[PDB]
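A.B. asks:
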Amino acid sequence: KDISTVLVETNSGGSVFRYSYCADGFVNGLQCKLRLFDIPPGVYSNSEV
Amino acid sequence: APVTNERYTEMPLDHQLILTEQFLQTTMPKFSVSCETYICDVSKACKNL
Ligand SMILES: *[C@@H]1O[C@H](CO)[C@@H](O)[C@H](O)[C@H]1NC(C)=O
Ligand SMILES: *[C@@H]1O[C@H](CO)[C@@H](O)[C@H](O)[C@H]1NC(C)=O
Ligand SMILES: *[C@@H]1O[C@H](CO)[C@@H](O)[C@H](O)[C@H]1NC(C)=O
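Chains as they are written, first to last, in the authors' numbering: chain A, 215 to 263; chain B, 558 to 606.
Spelled out as structure tokens, the structure:
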């Protein structure tokens, strides 16, 4: 129906192997904010709506 | 100065207090900018460009 803005990991050959759509949940929203997939604990500033 | 070989040293007869207020700038508000949403708003046609 509409656009998506998914995060993409990629292995040594340039091939994608993990992903996470940004609108599936809430935690992957800030995964799409700061380009890190399994984000460590901490305060993360300035996440928009 | 350290005194020797006696001389006509002048000494003060009375002092006065002097307040010398001295401003040293030490803080500024920490910022968390987001250039993706500053330079262009909710328009997606910026963010792919
Ligand atoms: C990608 O990361 C893995 C993990 O260390 C490494 O073995 C591999 O060599 C890396 N790919 C390249 C092209 O350096
Ligand atoms: C102490 O000695 C110095 C050098 O010998 C001299 O100039 C000075 O006048 C002497 N002090 C007095 C009080 O004479
Ligand atoms: C020197 O300082 C003292 C203390 O403030 C004051 O009473 C006195 O008048 C001053 N002398 C002159 C010549 O201003």
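We put the CB at the ideal spot given by N, CA and C, even for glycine.
Can you list every residue whose CB sits closer than 7 angstroms to some heavy atom of ligand 3, going in chain order?
C.D. replies: Going by the Cβ distance cut-off, the answer is B:571, B:572, B:573.
A.B. asks: Quick check: does the Cβ of residue 229 of chain A come within less than 6 angstroms of any heavy atom belonging to ligand 1?
C.D. replies: False, no ligand heavy atom lies under 6 angstroms from that Cβ.
A.B. asks: I'd like to know whether the C-beta of residue 594 of chain B is nearer than 7 angstroms to at least one C-beta of chain A.
C.D. replies: Closer than 7 angstroms to some Cβ of chain A, the Cβ of residue 594 of chain B qualifies, so yes.
A.B. asks: Beta-carbon separation of residue 260 of chain A and residue 589 of chain B under 7 angstroms?
C.D. replies: Yes, the Cβ-Cβ distance between residue 260 of chain A and residue 589 of chain B is below 7 angstroms.
A.B. asks: If you measure from each CB to the nearest heavy atom of ligand 2 and keep those under 6 angstroms, what residues do you get, in chain order?
C.D. replies: That gives B:562, B:563.
A.B. asks: Hey, would you say the C-beta of residue 226 of chain A is under 6 angstroms away from at least one heavy atom of ligand 1?
C.D. replies: Because some heavy atom of ligand 1 lies under 6 angstroms away, the Cβ of residue 226 of chain A counts as near it: yes.
A.B. asks: Please list the partners that residue 262 of chain A has in chain B, where partner means a Cβ-to-Cβ separation under 9 angstroms.
C.D. replies: What residue 262 of chain A touches in chain B: 591, 593, 594.
A.B. asks: Taking all protein chains shown into account, do 16 or more other C-beta atoms lie within 10 angstroms of the C-beta of residue 245 of chain A, making it buried, or fewer, making it exposed?
C.D. replies: Residue 245 of chain A is buried by the Cβ-count criterion.
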